[PDB]
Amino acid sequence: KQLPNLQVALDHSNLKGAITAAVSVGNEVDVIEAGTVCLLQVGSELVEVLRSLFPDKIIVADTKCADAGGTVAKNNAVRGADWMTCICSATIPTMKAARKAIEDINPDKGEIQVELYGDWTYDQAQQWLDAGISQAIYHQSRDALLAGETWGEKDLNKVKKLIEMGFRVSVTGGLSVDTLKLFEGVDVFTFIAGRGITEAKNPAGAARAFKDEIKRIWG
């Protein structure tokens, strides 16, 4: 058993913003993620820079891969990624090819995570598990997120159900040190924070406070 991870997403539109934010919080987080917006802007060298700065941190290449799973996984695994995202639209053969490629380069830590967008089903989710993929990323309902709302029961129910199916579930959106308590009793695998922490007055302090609260609730 371990505590939920604190992950920082880097969704910057340029290389300097990602690197500066990563350096500001890196020591205080468990996982550092090169976000899709950033990767589409700067390419995969960022993954390698992050690996150099943080030899022992978990690194996520958030490619939201839909196709050419083996190639995209290999491309980011050789840069040093541990986890890569596939969009839930990706077929089972694409997801398996990506898993096989990332495991080939990184047997110890290599994994695929399914990014949950649109009308995905639990029947699809079981297909991911059967294909050896057991991480999923769940986003707060965007309407509620944009409105500043708490996590609603419907969102919590889906998170709970995925966990019960056997997923390690990461959540993102609507997360702050004060809102972690909403998740009390929910076996969240990773909390993914972004600008709330990296744009704070003291990002390292904000990151540590977030992890302190994870420790209070789940410790």
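A residue's number is simply how far along the shown sequence it sits, counting from 1.
### Task
Look over 138 to 146 and 110 to 118 in the entry and identify the one with the greater average Cα temperature factor.
Mean CA B-factor is higher for 138 to 146.
### Message
Which is higher on mean Cα B factor in this entry, 100 to 108 or 70 to 78?
### Response
For C-alpha atoms only, the mean B-factor is higher in 100 to 108.
### Query
Quick one: which of 49, 159, 34, 165 has the biggest Cα B-factor according to the entry?
The C-alpha B-factor peaks, among 49, 159, 34, 165, at 165.
### Task
Among the candidates 177, 60, 38, 171, give the one with the maximum CA B-factor reported in the record.
Result of the comparison over 177, 60, 38, 171: 177.
### Query
Among the modelled residues of its chain, does the C-alpha B-factor of residue 87 lie in the lowest, middle or highest third?
Lowest third - that is where residue 87 ends up once the chain's C-alpha B-factors are sorted.
### Task
Would you check the entry's CA temperature factor for residue 19 and let me know if it's in the chain's lowest, middle or highest third?
Tercile = lowest for this residue's CA B-factor.
#### Entry: Lowest, middle or highest third - CA B-factor, residue 194
Its C-alpha B-factor belongs to the middle third of this chain's values.
### Query
When the modelled residues of the chain are sorted by Cα temperature factor, does residue 12 land in the lowest, middle or highest third?
Lowest third of the chain for residue 12's C-alpha B-factor.
### Task
Within this chain's modelled residues, let me know which third the CA B factor of residue 184 belongs to: lowest, middle or highest.
Highest third, going by the recorded CA B-factors of the chain.
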